[PDB]
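Residue numbers (PDB author numbering), protein chains in the order written: chain N, 1 to 55; chain F, 9 to 110; chain L, 2 to 446; chain T, 1 to 78; chain M, 20 to 439.
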Amino acid sequence: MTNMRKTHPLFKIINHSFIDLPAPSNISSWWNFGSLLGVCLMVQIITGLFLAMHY
Amino acid sequence: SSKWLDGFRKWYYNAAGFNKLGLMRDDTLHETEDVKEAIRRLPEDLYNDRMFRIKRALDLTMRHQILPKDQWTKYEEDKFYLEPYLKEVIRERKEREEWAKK
Amino acid sequence: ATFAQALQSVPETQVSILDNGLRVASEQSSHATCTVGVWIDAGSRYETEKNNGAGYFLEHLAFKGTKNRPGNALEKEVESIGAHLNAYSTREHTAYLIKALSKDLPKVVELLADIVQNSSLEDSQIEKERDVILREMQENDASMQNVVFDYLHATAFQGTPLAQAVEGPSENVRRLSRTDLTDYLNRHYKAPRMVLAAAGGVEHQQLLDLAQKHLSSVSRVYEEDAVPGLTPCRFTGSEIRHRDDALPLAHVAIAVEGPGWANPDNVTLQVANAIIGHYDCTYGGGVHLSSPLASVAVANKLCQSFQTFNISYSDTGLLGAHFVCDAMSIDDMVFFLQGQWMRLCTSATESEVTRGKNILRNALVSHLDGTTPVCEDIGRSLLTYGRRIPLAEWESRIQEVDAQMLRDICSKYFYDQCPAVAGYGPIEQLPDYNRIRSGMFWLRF
Amino acid sequence: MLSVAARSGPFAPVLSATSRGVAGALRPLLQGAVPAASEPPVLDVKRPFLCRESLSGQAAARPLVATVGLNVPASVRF
Amino acid sequence: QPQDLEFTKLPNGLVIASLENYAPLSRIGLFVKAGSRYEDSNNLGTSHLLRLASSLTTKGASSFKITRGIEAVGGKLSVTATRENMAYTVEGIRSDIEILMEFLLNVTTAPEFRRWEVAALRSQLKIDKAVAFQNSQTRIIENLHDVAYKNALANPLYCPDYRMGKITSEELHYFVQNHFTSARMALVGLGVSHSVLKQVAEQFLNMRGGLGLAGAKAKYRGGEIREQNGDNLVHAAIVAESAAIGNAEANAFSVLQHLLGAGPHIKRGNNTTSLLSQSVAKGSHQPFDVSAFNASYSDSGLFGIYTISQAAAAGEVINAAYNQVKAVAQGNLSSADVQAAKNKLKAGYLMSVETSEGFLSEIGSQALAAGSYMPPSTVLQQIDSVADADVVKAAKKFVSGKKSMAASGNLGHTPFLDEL
Ligand code: HEM
């Protein structure tokens, strides 16, 4: 057997980025903000797609 | 009709086309896990001969050429060198599978 | 000649009780050599952090002279007859044993009687084995397995008398004196917490006559008139990690709470450990080991070694695994180990259950080969269970274990539990407690 | 004839070792290279014996006997 | 119920010894006279690889089948090797002992020794040597046997570093066909009847001649070796010739070994009855250990002093031990201490055979060395017949003999053989 999270060629990127990424323990709430930006970005895209469906 | 089948086998061997590249029949096998284990158990002289034959075949296919007709792999001298190693690998894998069944 | 009447042909352990409360048990065999030992229910669990190294320092002082054989003289009469004298102490037991011939039975009973009764202590000897135990502890700091198991006992039994080690801290062995040792002897060396076990060419009548002649007076009265009890210990899901990157290898032990000495389910848990097994780098097997964890560890070159353990104490215990490996493998090894545990909670089939039953049968019978492990089994069984369990009873208890109750017991003790983790060495890739805690359950199940 | 290295004729660079901190203009003969060799395996450290009681029993008294088990760790007795 | 020990020699020299004690688990071992002493310089370290090659594919059972069958029933398989002979021991339930015998005899009699298997096994060979050399007693004993003999006993147990990656399977087949012959093996069984042992012996074992290769008589060399490796403790072994197995002086050498001290009897004691430890501790104040090293073979033997001392105090410990043995050799000894040494030797011999594995090892060793079984009471009464003059003679033979020294550690203060 093997570890599917670390050996799959697609899941290795998600494991290296958002699962087993080493991060500082003492970062404050401001370090949330950029991730929120990414979420807000895709939110815009989703809403924009539906605003592209009737404009 | 044994000689009809045998001559048809010679015709199919000449019509497959890998004898014109200098290749043996055991070189043309697809390298799955059992076949890779069969190459891993080979003696080093046979391994080097096989690797040179694959390199020569790839070089011939690159230039879209073939060997001269006297350098073609004849049917009688085509040695089935990988057959006992592959046979042992299949036997061991089937033994492991039948142990895992029970 | 089947296995059942072969196990029935084992001689019965003969147990009698003297008038003071001392247990006397014997196992008659055909050997010309015998093993006689004294087991006392007194360890580091019976200490109140002011005499935390009392048992270790007392067993250091036990073979240094008595009130009847001062100095090394008793040593002469245990070395002029060829007898080998040994002693040990765990967190809840103490043993003083002599292996000798069958002809020297009254003398070894006399030495075992007066060692545990009239041990002479003098201040020069107090300071001599004070510095000796300081050097012993300095030596034992370099054995990483002992350090990791002491860490596991410290973090799994926090605030309880099971966290403190047998040796104790260095401040106690620098501050223990004669009066506290005398108090420990008066409080713990009593007949209802004492078993005299014999194995080999020993008749029960001669052993009983010598025990009545020598061990009749043990001062079994409670002098202080205060009851010494055994409160239950609180298991703590926690982790201790000792980061030190200069060590070449990392030792990690992960364990959950055990059921205890008197729980029958321990037997089932033994079978579970026999499914997981153990592996060392010098094993001659290779890839074709039956245990999936050992096979994947030798296929991926993960661990130097691993071993499972089920340590038992009164109502409690530590059931888990210990592996030494390099740093770069640690997390991967943890993952595989956790998967094996969850496999036993979910997908235990009858083939590996039968294999674990056979392994437990062979190990639990062939462990009792010789007078010393038989005597140890008699002493520990009379101290823990209150009786010596016959080997056919162990066979009948192993036989009832099938896959359904094994996965039931494994889901009871391993599934969705909070473990205790102790790490020592380059343990950076050893994860947080949250990933190990998340590894104790499957989302697919 | 002093200068021992030059007194020994054929064994001149065997009895004396010459190195440099700054390379010369003349290129040395037999430049030489370390091949990539194997590495010893990493084993856990053992208990030291810094007291007289721990050294008791560590001295050999019997012929040396090795034992290799299949699922038993390999052991040795002195 | 153990009525006797059934001892039989077949006409081709194969020995079968069986004892029926109705034990819950049976133990069956094949003892082959094929130790590390039977290699010349052209196949050194072959016995190490042949010890490690027990789990390879054999003609009758694959390696996967061998491992899964030996541990599916809960049984165990081990190989125990010294310089002289090797032992292949299987152990398991009385019910499942027949397939264990088939697996053991397939391993021993007909190995296939495939090339890729030993190619994968050389790494385990290196790992096992590096694990076993973690004890400095192992390296000292290996160097002591290397210096003490010219040939036929100086071959190491463990494979040398140059031989790793160069041991072929053809040398293993050569070793098996030349040393696993019929009249050099004893099949010993505990918990198993004699008739099935004879059936297995006539079935699996009767295709070998019996003699093979003889040996090279193990001539004595002498000398010293010193290994500056920078340890906290200095290990020094000073040895000389002694009696072989079967002589009247080997028992006297064992009595002398237990008289001078051959191991502790008390945990964290002081060894008051040991002459060497008392003589060294008369003038010393640092941690140490002195014991008497004894080893007996079929043709030669070794007896001497083993000392673990400090780096700056090695000379005092070595000189104190040597002066104590020189005092013993001049008749300065007590007959009561000789009686204590005899009691210690009898106790150690009786405790070495109480376990089933020690009993099987002693039966196999006696069957290989002499071809007949010796009851333990006869061994005890042979111990009792040793005179004190024999002990004085053995000490005098050690003092007057040529020496071999193996030293390891910080050897700035460790003395030399001519400086003794
Ligand atoms: C690809 C993704 C996007 C699409 C398809 C999209 C599409 C549209 C459409 C169709 C409108 C006109 C609808 C209306 O406002 O009545 C609009 C308006 C607008 N969009 Fe986007 N948009 C996208 C992403 C974004 C992003 C990333 C931003 C910046 C955060 C953005 C900012 C705006 C703003 C400010 C307006 C004007 C809203 C208003 O009327 O006040 N859009 N978008």
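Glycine included, C-beta positions come from ideal geometry on N, C-alpha and C.
Comparing alpha carbon positions, the residue from M:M424, M:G88, M:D250 closest to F49 of chain T is M:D250. Ranked by Cα distance from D226 of chain L, the options L:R188, L:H252, L:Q206 are led by L:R188. The three-state secondary structure of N313 of chain M, taken from DSSP, is strand.
Buried is the label assigned to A256 of chain M, since at least 16 other Cβ atoms lie within 10 Å of its Cβ. For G282 of chain M, a Cβ of chain T is located within less than 8 Å of the residue's own Cβ. Under the three-state reduction of DSSP output, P130 of chain M falls in the strand class. Between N313 of chain M and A37 of chain T the beta-carbon gap is near 40 Å, outside 8 Å, which marks them as no contact.
Counting every other CB atom within 10 Å of its CB across the protein chains shown gives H368 of chain L a total below 16, marking it as exposed.
Residues of chain M with a Cβ closer than 7 Å to the Cβ of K100 of chain L are, in chain order, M370. Between the alpha carbons of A151 of chain M and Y97 of chain L lies a distance of about 32 Å.
If you draw a 10 Å sphere on the C-beta of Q9 of chain L, you find fewer than 16 other C-beta atoms in it, and that means exposed.
Taking a C-beta cut-off of 7 Å against chain L, the contacting residues of the segment 266-299 of chain M are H284, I285, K286, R287, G288, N289, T291, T292, listed in chain order. In the displayed model, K87 of chain F falls within coil according to three-state DSSP, outside both helix and strand. Residue pairing from DSSP leaves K95 of chain F without any beta-bridge partner. The closest CA to that of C376 of chain L, considering only L:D245, L:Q339, L:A421, L:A101, is found on L:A101. Non-local C-beta neighbours of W443 of chain L in its own chain, meaning closer than 6 Å and more than five positions away in sequence, comprise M343, ordered along the chain.
Apart from sequence neighbours up to five positions away, the residues of its chain that approach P130 of chain M with a beta-carbon distance below 6 Å are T77, ordered along the chain. When Cβ pairs closer than 8 Å are counted between the two stretches, the segment 346-353 of chain M is seen not to touch the segment 29-43 of chain M, the count staying below three.
Annotated as proximal: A340 of chain M and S298 of chain M, with beta-carbon spacing under 8 Å. Using a 10 angstroms sphere on the CB of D78 of chain F, the tally of other CB atoms stays under 16, which defines it as exposed. Residues of chain L whose Cβ lies closer than 7 Å to the Cβ of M1 of chain N are, in chain order, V297.
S125 of chain L sits exposed, since fewer than 16 C-beta atoms from the chains shown fall within 10 Å of its C-beta. Inclusion of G48 of chain N in the 7 Å shell around the ligand HEM follows from its C-beta lying nearer than that to a non-hydrogen atom of the ligand. Against chain L, the beta carbon of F78 of chain T has no neighbour under 9 Å; the closest one sits roughly 17 Å away. Shown here for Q329 of chain M: same chain residues with a beta carbon closer than 6 Å to its own, the five before and five after excluded, namely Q305 in chain order. Short note on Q44 of chain N: C-beta closer than 7 Å to some heavy atom of the ligand HEM.
Here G44 of chain L is not near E168 of chain L, since their CB atoms are 8 Å or more apart. Judged by their CB atoms, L33 of chain M and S201 of chain M are nearer to each other than the 8 Å cut-off.
Looking at the backbone, the Cα of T108 of chain M and that of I382 of chain M are separated by about 13 Å. A check of alpha carbon separations from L38 of chain M across M:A263, M:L278, M:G48 identifies M:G48 as the nearest. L37 of chain N has its CB no nearer than 7 Å to any heavy atom of the ligand HEM. With contact defined as three or more Cβ pairs closer than 8 Å, the segment 117-128 of chain M and the segment 78-93 of chain M are in contact.
Using beta-carbon distances, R134 of chain M does not count as an interface residue toward chain L, since no partner is under 8 Å. Scanning chain L for C-beta atoms nearer than 7 Å to the C-beta of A74 of chain T yields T283, reported in chain order.
Secondary structure note for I45 of chain N: its alpha helix (DSSP H) is the uninterrupted segment 33-51. Here DSSP, grouped into helix, strand and coil, assigns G287 of chain L to coil.
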